[PDB]
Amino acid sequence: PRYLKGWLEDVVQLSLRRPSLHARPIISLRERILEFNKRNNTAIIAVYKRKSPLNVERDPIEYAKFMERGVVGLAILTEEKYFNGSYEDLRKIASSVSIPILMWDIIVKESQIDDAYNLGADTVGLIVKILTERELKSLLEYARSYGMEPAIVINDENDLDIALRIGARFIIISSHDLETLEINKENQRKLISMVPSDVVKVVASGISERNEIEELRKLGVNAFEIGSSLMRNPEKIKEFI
């Protein structure tokens, strides 16, 4: 991984030691989004997470069932220490619903992607700020050999530059600085404008308003990853969709 300090360094050290886990074909999240775009349907990816470095108690299976007929897909937190998730959330949800599942964790080795796949995930997130460029490209290719097209998280012009050169086709534009936790949307529109035509673009959020989703979609954004506000009030999905 990259050199890190604070909670990032701690979470990556943990992930490097993540025990692997021996265990329905893939439904592409990327594809589904495209198809939702072609039908003029707002594509929301609802995030399940109990905590965030948020503290909600909500059943994973009920949440996923509730979201099932609305969302383009579900991202599930499997990171155990800061987000209070586990592989078992992913396992139960992937067995309970039939929409694409994105496994959200801090992926630093190959075995975590084996885990994603054997747990029933259709895709994974990879984070440009966590990894060297060579590690990113290697893990992207590893996920592809399983038939997963990963969503690569970018944060700035540097992130995108590396993501594009290694051949990413699916990109999450995050406005969160992972270290400081602060959300800054000021480079968001310019980042979105720099993404090529052939890439499926997801905005990651601190999204809570329909209005904001509409402005973004006008700019060409393909889908919307939404966490905190859905965890606080699942019912908001209706306004967003």
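Note that residue numbering begins at 1 and tracks the sequence as displayed.
Undergrad: Unmodelled deposited residues between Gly70 and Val71: none, 1 to 3, 4 to 9, or 10 or more?
TA: None; the chain is continuous from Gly70 to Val71.
Undergrad: Select one of none, 1 to 3, 4 to 9, or 10 or more to describe the deposited residues without coordinates separating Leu219 and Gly220.
TA: Count of unmodelled residues in between: none.
Undergrad: Pick between 178-186 and 42-50: the one whose mean CA B-factor in the entry is higher.
TA: It is 178-186 that shows the higher mean C-alpha B-factor.
Undergrad: According to the deposited model, is the average Cα temperature factor higher in 162-170 or in 83-91?
TA: Higher of the two, by average CA B-factor, is 83-91.
Undergrad: Which is it among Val199, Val56, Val202, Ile33: the one with the largest CA B-factor in the entry?
TA: Going by the entry's C-alpha B-factors, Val56 comes out highest.
Undergrad: Lowest, middle or highest third: which one holds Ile226 when the chain's residues are ordered by CA B-factor from the entry?
TA: It belongs to the lowest third of the chain when residues are ordered by C-alpha B-factor.
Undergrad: Going by the entry, which third of its chain does the Cα temperature factor of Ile61 land in?
TA: Answer is middle: the recorded C-alpha B-factor places it there.
Undergrad: Would you please rank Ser145 by its C-alpha temperature factor against the other modelled residues of its chain and give the third it falls in: lowest, middle or highest?
TA: Middle third by C-alpha B-factor.
Undergrad: Compared with the other modelled residues in the chain, in which third is the CA B-factor of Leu29?
TA: It belongs to the lowest third of the chain when residues are ordered by C-alpha B-factor.
Undergrad: Sorting the chain's CA B-factors, does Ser96 end up in the lowest, middle or highest third?
TA: It falls in the top third of the chain.
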